[PDB]
>>> print(open('run_10.cif').read())   # mmCIF, C-alpha atoms and all ligand atoms
data_final
#
loop_
_atom_site.label_atom_id
_atom_site.label_comp_id
_atom_site.auth_asym_id
_atom_site.auth_seq_id
_atom_site.Cartn_x
_atom_site.Cartn_y
_atom_site.Cartn_z
CA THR U 700 -81.44 5.20 56.24
CA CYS U 701 -77.77 4.58 55.17
CA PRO U 702 -76.52 7.60 53.33
CA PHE U 703 -75.08 7.17 49.85
CA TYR U 704 -71.63 8.52 50.89
CA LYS U 705 -71.23 5.33 53.11
CA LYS U 706 -71.77 2.93 50.20
CA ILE U 707 -69.10 1.69 47.65
CA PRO U 708 -70.71 1.35 44.17
CA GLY U 709 -70.18 -1.94 42.34
CA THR U 710 -69.70 -3.79 45.51
CA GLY U 711 -71.66 -5.10 48.39
CA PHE U 712 -69.54 -2.92 50.72
CA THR U 713 -70.19 -0.23 53.26
CA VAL U 714 -67.78 1.98 55.27
CA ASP U 715 -68.42 3.11 58.86
CA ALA U 716 -72.12 2.06 58.59
CA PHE U 717 -72.97 0.12 61.78
CA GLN U 718 -75.96 2.17 63.11
CA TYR U 719 -78.59 1.48 60.37
CA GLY U 720 -79.31 -2.17 61.21
CA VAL U 721 -78.94 -4.68 58.37
CA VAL U 722 -78.03 -2.67 55.33
CA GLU U 723 -79.76 -4.39 52.44
CA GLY U 724 -77.28 -5.89 50.03
CA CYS U 725 -74.20 -5.51 52.30
CA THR U 726 -71.80 -8.44 52.32
CA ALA U 727 -68.81 -6.82 54.14
CA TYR U 728 -68.79 -3.90 56.66
CA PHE U 729 -65.48 -1.98 56.80
CA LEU U 730 -64.49 0.10 59.87
CA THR U 731 -61.79 2.81 59.26
CA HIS U 732 -60.99 3.49 62.98
CA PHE U 733 -62.18 3.16 66.52
CA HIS U 734 -64.01 6.48 67.11
CA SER U 735 -67.59 6.31 68.38
CA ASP U 736 -69.34 8.23 65.50
CA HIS U 737 -67.85 5.59 63.17
CA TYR U 738 -68.33 2.32 65.18
CA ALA U 739 -71.74 3.36 66.60
CA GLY U 740 -73.86 0.24 66.54
CA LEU U 741 -71.26 -2.53 66.98
CA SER U 742 -71.42 -4.96 69.94
CA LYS U 743 -71.04 -8.70 70.91
CA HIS U 744 -74.33 -9.39 69.03
CA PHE U 745 -72.99 -8.34 65.61
CA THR U 746 -72.82 -11.37 63.20
CA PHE U 747 -71.53 -9.96 59.84
CA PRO U 748 -67.85 -9.82 58.67
CA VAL U 749 -66.01 -6.63 59.89
CA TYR U 750 -62.89 -5.70 58.02
CA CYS U 751 -60.37 -3.39 59.77
CA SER U 752 -56.79 -2.93 60.88
CA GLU U 753 -55.11 -5.21 63.51
CA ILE U 754 -55.29 -2.42 66.15
CA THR U 755 -58.95 -1.66 65.45
CA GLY U 756 -59.66 -5.38 65.71
CA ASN U 757 -57.93 -5.55 69.17
CA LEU U 758 -60.24 -2.72 70.38
CA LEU U 759 -63.39 -4.41 68.89
CA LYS U 760 -62.54 -7.72 70.76
CA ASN U 761 -61.44 -6.14 74.12
CA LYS U 762 -63.61 -3.03 74.46
CA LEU U 763 -66.81 -3.90 72.57
CA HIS U 764 -66.62 -7.76 72.97
CA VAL U 765 -67.21 -8.43 69.30
CA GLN U 766 -66.68 -12.17 68.74
CA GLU U 767 -63.44 -13.14 67.15
CA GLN U 768 -64.99 -15.18 64.33
CA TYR U 769 -66.49 -11.93 62.77
CA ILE U 770 -63.30 -9.79 63.07
CA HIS U 771 -61.20 -9.81 59.96
CA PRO U 772 -57.99 -7.83 60.48
CA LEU U 773 -55.86 -6.94 57.42
CA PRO U 774 -52.18 -5.95 57.23
CA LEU U 775 -51.36 -2.51 55.91
CA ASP U 776 -49.73 -1.79 52.52
CA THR U 777 -50.75 -5.27 51.24
CA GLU U 778 -52.99 -6.29 48.30
CA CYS U 779 -55.81 -8.40 49.81
CA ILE U 780 -58.96 -9.99 48.21
CA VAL U 781 -62.30 -9.47 50.00
CA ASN U 782 -65.45 -11.14 48.49
CA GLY U 783 -63.79 -11.11 45.13
CA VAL U 784 -62.55 -7.51 45.18
CA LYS U 785 -58.90 -6.29 45.57
CA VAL U 786 -58.46 -3.83 48.50
CA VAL U 787 -55.46 -2.17 50.27
CA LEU U 788 -55.37 -0.51 53.72
CA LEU U 789 -53.16 2.59 54.08
CA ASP U 790 -52.08 4.58 57.13
CA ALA U 791 -54.44 7.56 57.59
CA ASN U 792 -52.21 9.62 60.03
CA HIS U 793 -55.29 10.01 62.35
CA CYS U 794 -55.52 7.96 65.63
CA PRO U 795 -53.92 4.53 66.31
CA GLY U 796 -55.17 1.87 63.90
CA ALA U 797 -56.87 4.39 61.53
CA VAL U 798 -56.80 3.52 57.85
CA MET U 799 -57.71 4.75 54.35
CA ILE U 800 -59.09 2.06 51.99
CA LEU U 801 -58.30 1.60 48.28
CA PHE U 802 -60.92 -0.41 46.31
CA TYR U 803 -60.11 -1.83 42.84
CA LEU U 804 -63.53 -2.41 41.20
CA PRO U 805 -63.99 -5.25 38.72
CA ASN U 806 -64.90 -2.71 36.01
CA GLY U 807 -61.52 -0.81 36.33
CA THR U 808 -62.63 2.04 38.60
CA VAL U 809 -60.30 2.79 41.54
CA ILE U 810 -61.90 4.36 44.68
CA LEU U 811 -60.02 5.82 47.73
CA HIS U 812 -61.98 6.29 51.00
CA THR U 813 -59.89 8.40 53.34
CA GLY U 814 -61.83 7.61 56.52
CA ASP U 815 -60.72 10.34 58.93
CA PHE U 816 -57.15 11.50 57.99
CA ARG U 817 -54.47 14.19 58.39
CA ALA U 818 -53.03 14.53 54.88
CA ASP U 819 -49.29 14.43 54.66
CA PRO U 820 -46.71 14.56 51.76
CA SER U 821 -45.54 11.07 52.85
CA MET U 822 -48.78 9.71 51.40
CA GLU U 823 -47.57 10.79 47.89
CA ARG U 824 -44.99 7.87 48.19
CA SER U 825 -47.30 5.10 49.32
CA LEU U 826 -49.07 2.57 47.00
CA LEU U 827 -51.24 5.52 45.99
CA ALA U 828 -48.49 6.75 43.63
CA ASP U 829 -48.83 3.53 41.46
CA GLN U 830 -52.19 4.06 39.73
CA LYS U 831 -54.91 6.58 39.00
CA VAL U 832 -57.80 7.10 41.51
CA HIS U 833 -61.09 7.99 39.92
CA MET U 834 -63.38 8.72 42.94
CA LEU U 835 -62.30 10.14 46.40
CA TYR U 836 -64.52 9.81 49.53
CA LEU U 837 -62.92 12.71 51.45
CA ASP U 838 -62.65 13.73 55.16
CA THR U 839 -63.71 17.40 54.78
CA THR U 840 -63.75 18.23 58.54
CA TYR U 841 -61.70 21.45 58.12
CA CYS U 842 -62.48 22.28 54.45
CA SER U 843 -62.39 26.14 54.70
CA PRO U 844 -59.40 28.49 54.50
CA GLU U 845 -59.78 29.80 58.08
CA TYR U 846 -58.55 26.46 59.37
CA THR U 847 -54.75 26.75 59.83
CA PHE U 848 -52.91 25.00 62.54
CA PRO U 849 -49.26 24.19 63.38
CA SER U 850 -47.48 20.92 62.80
CA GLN U 851 -47.94 18.23 65.47
CA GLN U 852 -44.17 18.54 66.09
CA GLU U 853 -44.43 22.29 66.93
CA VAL U 854 -47.32 21.68 69.29
CA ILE U 855 -45.48 18.82 71.16
CA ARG U 856 -42.32 21.02 71.48
CA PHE U 857 -44.48 23.73 73.12
CA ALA U 858 -46.12 21.26 75.49
CA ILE U 859 -42.78 19.56 76.54
CA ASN U 860 -41.02 22.99 77.14
CA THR U 861 -44.01 24.35 79.15
CA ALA U 862 -44.39 21.30 81.39
CA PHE U 863 -40.60 20.88 82.03
CA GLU U 864 -40.26 24.62 82.97
CA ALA U 865 -43.30 24.47 85.35
CA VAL U 866 -42.33 21.31 87.24
CA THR U 867 -38.63 22.32 87.54
CA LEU U 868 -39.71 25.69 89.04
CA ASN U 869 -42.23 23.86 91.31
CA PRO U 870 -41.55 20.14 92.01
CA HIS U 871 -44.89 19.98 93.81
CA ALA U 872 -46.91 20.78 90.61
CA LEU U 873 -49.09 18.07 89.00
CA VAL U 874 -49.61 17.86 85.20
CA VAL U 875 -53.11 16.79 84.01
CA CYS U 876 -54.08 15.96 80.38
CA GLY U 877 -57.65 15.46 79.09
CA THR U 878 -58.90 12.65 76.81
CA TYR U 879 -62.26 11.21 75.59
CA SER U 880 -61.23 8.84 72.87
CA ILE U 881 -58.12 7.22 71.44
CA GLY U 882 -55.80 9.60 69.57
CA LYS U 883 -53.33 12.32 70.59
CA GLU U 884 -51.31 9.93 72.83
CA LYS U 885 -48.07 11.84 71.88
CA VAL U 886 -49.32 14.80 74.04
CA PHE U 887 -49.31 12.93 77.41
CA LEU U 888 -46.53 10.46 76.55
CA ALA U 889 -44.06 13.21 75.49
CA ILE U 890 -44.70 15.25 78.63
CA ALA U 891 -44.27 12.13 80.94
CA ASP U 892 -41.01 11.26 79.12
CA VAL U 893 -39.44 14.74 79.76
CA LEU U 894 -40.49 14.57 83.45
CA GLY U 895 -39.23 10.98 84.16
CA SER U 896 -42.72 9.81 85.15
CA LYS U 897 -45.27 7.28 83.91
CA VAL U 898 -48.70 8.47 83.03
CA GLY U 899 -51.37 7.48 85.53
CA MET U 900 -54.93 6.71 84.46
CA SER U 901 -58.11 4.74 85.12
CA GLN U 902 -58.23 0.98 84.61
CA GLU U 903 -60.68 1.53 81.58
CA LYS U 904 -58.22 3.89 79.83
CA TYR U 905 -55.19 1.67 80.64
CA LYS U 906 -57.01 -1.32 79.04
CA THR U 907 -57.69 0.82 75.90
CA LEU U 908 -54.04 1.85 75.57
CA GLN U 909 -52.82 -1.71 75.98
CA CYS U 910 -54.67 -2.58 72.68
CA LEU U 911 -52.61 -0.11 70.56
CA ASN U 912 -49.29 -1.88 69.76
CA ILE U 913 -47.33 1.10 71.04
CA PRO U 914 -43.63 0.00 71.64
CA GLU U 915 -42.43 -0.17 75.25
CA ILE U 916 -45.93 0.85 76.51
CA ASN U 917 -45.50 -1.11 79.81
CA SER U 918 -42.57 1.30 80.53
CA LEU U 919 -44.76 4.50 79.97
CA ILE U 920 -48.19 4.03 81.59
CA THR U 921 -49.65 2.85 84.92
CA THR U 922 -52.81 2.52 86.99
CA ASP U 923 -50.93 3.65 90.14
CA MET U 924 -51.87 7.32 90.35
CA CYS U 925 -49.80 7.95 93.49
CA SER U 926 -46.50 7.08 91.81
CA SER U 927 -47.25 9.35 88.79
CA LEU U 928 -47.06 13.12 88.30
CA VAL U 929 -48.80 13.16 84.87
CA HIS U 930 -52.50 12.21 85.28
CA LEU U 931 -55.08 11.56 82.52
CA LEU U 932 -58.69 12.47 83.18
CA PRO U 933 -61.89 12.63 81.11
CA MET U 934 -61.96 15.79 78.99
CA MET U 935 -65.14 16.77 80.91
CA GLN U 936 -63.14 17.08 84.16
CA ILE U 937 -60.65 19.67 82.56
CA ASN U 938 -62.20 22.81 84.10
CA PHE U 939 -61.60 24.71 87.38
CA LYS U 940 -64.21 22.80 89.48
CA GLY U 941 -63.13 19.40 88.13
CA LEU U 942 -59.45 20.13 88.71
CA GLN U 943 -59.87 21.66 92.23
CA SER U 944 -61.75 18.48 93.09
CA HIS U 945 -58.97 16.25 91.70
CA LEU U 946 -56.32 18.17 93.66
CA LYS U 947 -58.26 17.44 96.91
CA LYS U 948 -58.00 13.70 96.01
CA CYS U 949 -54.18 13.71 95.91
CA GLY U 950 -53.94 14.29 99.69
CA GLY U 951 -51.60 17.30 99.74
CA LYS U 952 -48.91 15.68 97.57
CA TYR U 953 -49.40 18.61 95.14
CA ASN U 954 -50.06 22.36 95.44
CA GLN U 955 -50.48 23.44 91.76
CA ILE U 956 -52.03 21.93 88.55
CA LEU U 957 -50.93 22.63 85.02
CA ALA U 958 -53.59 21.09 82.63
CA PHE U 959 -53.67 20.51 78.84
CA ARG U 960 -56.85 20.36 76.65
CA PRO U 961 -55.79 19.16 73.16
CA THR U 962 -58.67 20.65 71.19
CA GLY U 963 -59.09 20.49 67.40
CA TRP U 964 -59.28 24.04 65.99
CA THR U 965 -60.22 27.10 68.08
CA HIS U 966 -60.57 30.74 66.58
CA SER U 967 -57.49 31.92 68.55
CA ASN U 968 -55.75 30.15 65.48
CA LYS U 969 -56.86 32.84 62.96
CA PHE U 970 -54.79 35.36 65.02
CA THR U 971 -52.39 33.76 67.52
CA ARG U 972 -49.09 31.81 66.80
CA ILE U 973 -48.15 28.72 68.99
CA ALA U 974 -45.30 30.70 70.63
CA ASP U 975 -47.94 33.18 71.89
CA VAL U 976 -50.50 30.75 73.58
CA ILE U 977 -51.46 31.60 77.18
CA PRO U 978 -53.45 29.67 79.76
CA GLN U 979 -56.68 30.44 81.64
CA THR U 980 -55.66 30.68 85.35
CA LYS U 981 -57.64 30.66 88.65
CA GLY U 982 -55.64 30.48 91.80
CA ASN U 983 -53.10 27.63 91.62
CA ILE U 984 -54.78 26.03 88.50
CA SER U 985 -53.73 26.85 84.88
CA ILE U 986 -55.44 25.34 81.74
CA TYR U 987 -53.77 25.38 78.29
CA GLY U 988 -55.86 24.75 75.10
CA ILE U 989 -53.37 23.45 72.54
CA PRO U 990 -54.28 22.99 68.79
CA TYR U 991 -53.13 19.41 68.33
CA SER U 992 -55.11 18.16 65.26
CA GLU U 993 -55.50 14.67 63.81
CA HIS U 994 -57.40 16.07 60.78
CA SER U 995 -56.03 17.85 57.66
CA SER U 996 -55.76 21.64 57.69
CA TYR U 997 -57.29 23.35 54.66
CA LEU U 998 -53.87 23.70 52.94
CA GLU U 999 -52.87 20.06 53.70
CA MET U 1000 -56.21 18.80 52.26
CA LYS U 1001 -55.85 21.02 49.15
CA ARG U 1002 -52.23 19.81 48.43
CA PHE U 1003 -53.32 16.13 48.72
CA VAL U 1004 -56.27 16.53 46.42
CA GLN U 1005 -54.32 18.63 43.79
CA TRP U 1006 -51.61 15.83 43.85
CA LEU U 1007 -54.13 13.01 43.48
CA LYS U 1008 -56.29 14.65 40.77
CA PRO U 1009 -59.49 12.63 41.31
CA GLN U 1010 -62.31 12.74 38.70
CA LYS U 1011 -65.03 12.98 41.35
CA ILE U 1012 -65.02 14.01 45.12
CA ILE U 1013 -67.65 12.82 47.63
CA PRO U 1014 -67.43 14.65 50.99
CA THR U 1015 -68.05 12.57 54.15
CA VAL U 1016 -68.07 15.47 56.74
CA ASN U 1017 -70.17 18.69 57.01
CA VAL U 1018 -72.70 17.15 54.52
CA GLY U 1019 -75.82 18.02 56.57
CA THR U 1020 -76.41 21.65 55.38
CA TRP U 1021 -76.85 23.09 51.93
CA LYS U 1022 -74.55 26.08 52.63
CA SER U 1023 -71.74 23.73 53.75
CA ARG U 1024 -72.16 21.40 50.73
CA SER U 1025 -72.20 24.35 48.28
CA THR U 1026 -69.12 26.00 49.84
CA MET U 1027 -67.13 22.74 49.67
CA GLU U 1028 -68.10 22.19 45.98
CA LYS U 1029 -66.84 25.74 45.20
CA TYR U 1030 -63.41 24.93 46.77
CA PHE U 1031 -63.19 21.63 44.87
CA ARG U 1032 -63.74 23.57 41.56
CA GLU U 1033 -61.17 26.21 42.46
CA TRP U 1034 -58.59 23.48 43.16
CA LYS U 1035 -59.28 21.69 39.88
CA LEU U 1036 -59.07 24.91 37.78
CA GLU U 1037 -55.81 26.01 39.51
CA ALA U 1038 -54.11 22.61 38.99
CA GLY U 1039 -55.51 21.84 35.52
CA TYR U 1040 -57.23 18.48 35.93
NI NI V 1 -62.01 10.12 63.95
#
>>> encode(input="run_10.cif", output="structure tokens")
Amino acid sequence: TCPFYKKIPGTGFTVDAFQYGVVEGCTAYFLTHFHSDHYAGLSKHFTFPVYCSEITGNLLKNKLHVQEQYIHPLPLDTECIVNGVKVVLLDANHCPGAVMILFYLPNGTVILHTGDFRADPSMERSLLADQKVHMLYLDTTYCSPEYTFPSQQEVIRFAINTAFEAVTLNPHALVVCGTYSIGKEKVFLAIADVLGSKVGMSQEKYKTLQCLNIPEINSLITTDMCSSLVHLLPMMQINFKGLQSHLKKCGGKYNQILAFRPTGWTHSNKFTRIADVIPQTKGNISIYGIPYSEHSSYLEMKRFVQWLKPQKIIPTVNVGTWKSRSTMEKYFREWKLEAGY
């Protein structure tokens, strides 16, 4: 059944709740972003109102074939009324089109649902600064102190420098980047930019990217693999067998692959700096796992919450085990006692 952490009290609303059938008493289904664990259930047969960003609505129409009459896109940073209730969509610093949602309940309660987010100090100057938030529905993906990772900027500088060095030393090397969802487009676009190439990809993935309102996108991507020396493949193909196979397909245009797997966290983070990352190599194939995250680190999450000072926190991730739930509740209490709220 629909879990309580997907329901907004005092409303008929749910958030990211499309796989439970008809949720009894739901008048408006919000979707924070286009990742499959969150949209699971949607299709052309859905006939209730879906509220979302413009970009998420482009993906619902073009990729899932949801009918236009049920897609209700909202502008960001704008007070809107939905079924009698004031709401605002905010940028979540996750993937393209991902939002946080502010609900202003008729009784005076203010609720923030983060969806999935990567907390940032820039959020402290949005419309969130303007009133008190009483309840926070929080993306707790990496809510434990072991989870450190570098800035996105540091990670992209490493990737750009590594790729440019490799291809200038060997003009017959191919660069491959893995993907299995939207998000992390800076990785492949920044490397193609430094090399003077477009990124080549499948027709399915090109269609997906053309829904994202990215500026000058027609100048950066292509379905012509032969004219490109940065290729995108399914994340599943980023291994030695998958890559050897792909190299056969390029007909001796290339004699070396340098591949990137943008993971979330990996336990080489509790020891190793970004400067010190090394690839796994077999023959003429090298694979780099780079810690490019679109979720908050522990310290980023803690700063956001200690700034916001909510009265009550409802985790939305890692909620399935008692040990995880109890650990998270202990951190929430530490933060509140340290900051004095
Ligand atoms: Ni996500």
>>> closest_residue(input="run_10.cif", among="U:1013, U:896, U:1039, U:999", to="residue U:819", atoms="all atoms listed in the file")
U:999
>>> atom_distance(input="run_10.cif", atom1="atom CA of residue U:967", atom2="atom CA of residue U:817")
20.7 Å
>>> residues_around(input="run_10.cif", residues="residue U:1019", least_positions_apart="5", cutoff="12 Å", atoms="only C-alpha atoms", output="number ranges by chain")
U: 702, 704, 1014, 1024-1025
>>> residues_around(input="run_10.cif", residues="stretch 911-914 of chain U", least_positions_apart="3", cutoff="10 Å", atoms="all atoms listed in the file", output="number ranges by chain")
U: 753-755, 757-758, 794-796, 881, 884, 906-908, 917-919
>>> closest_residue(input="run_10.cif", among="U:705, U:831, U:1001, U:960", to="residue U:812", atoms="only C-alpha atoms")
U:705
>>> residues_near_ligand(input="run_10.cif", ligand="ligand NI 1 (chain V)", cutoff="7 Å", atoms="all atoms listed in the file", output="list in words")
residues 732, 734, 793 and 815 of chain U
>>> closest_residue(input="run_10.cif", among="U:931, U:839, U:778, U:982", to="residue U:954", atoms="all atoms listed in the file")
U:982
>>> closest_residue(input="run_10.cif", among="U:1026, U:934, U:823, U:833", to="residue U:807", atoms="all atoms listed in the file")
U:833
>>> residues_around(input="run_10.cif", residues="residue U:864", least_positions_apart="4", cutoff="12 Å", atoms="only C-alpha atoms", output="PyMOL selection string")
chain U and resi 857-860+868-870+872+874+890+893-894+957
>>> atom_distance(input="run_10.cif", atom1="atom CA of residue U:1035", atom2="atom CA of residue U:835")
13.6 Å
>>> closest_residue(input="run_10.cif", among="U:865, U:875, U:822, U:837", to="residue U:1012", atoms="only C-alpha atoms")
U:837
>>> residues_near_point(input="run_10.cif", point="(-56.6, 20.8, 64.5)", cutoff="10 Å", atoms="all atoms listed in the file", output="PyMOL selection string")
chain U and resi 817+840-841+846-851+961-965+968+989-996
>>> closest_residue(input="run_10.cif", among="U:775, U:898, U:910, U:946", to="residue U:928", atoms="all atoms listed in the file")
U:898
>>> atom_distance(input="run_10.cif", atom1="atom CA of residue U:1017", atom2="atom CA of residue U:1034")
18.7 Å
>>> residues_around(input="run_10.cif", residues="residue U:782", least_positions_apart="3", cutoff="10 Å", atoms="only C-alpha atoms", output="ChimeraX atom specification")
/U:710-712,726-727,785
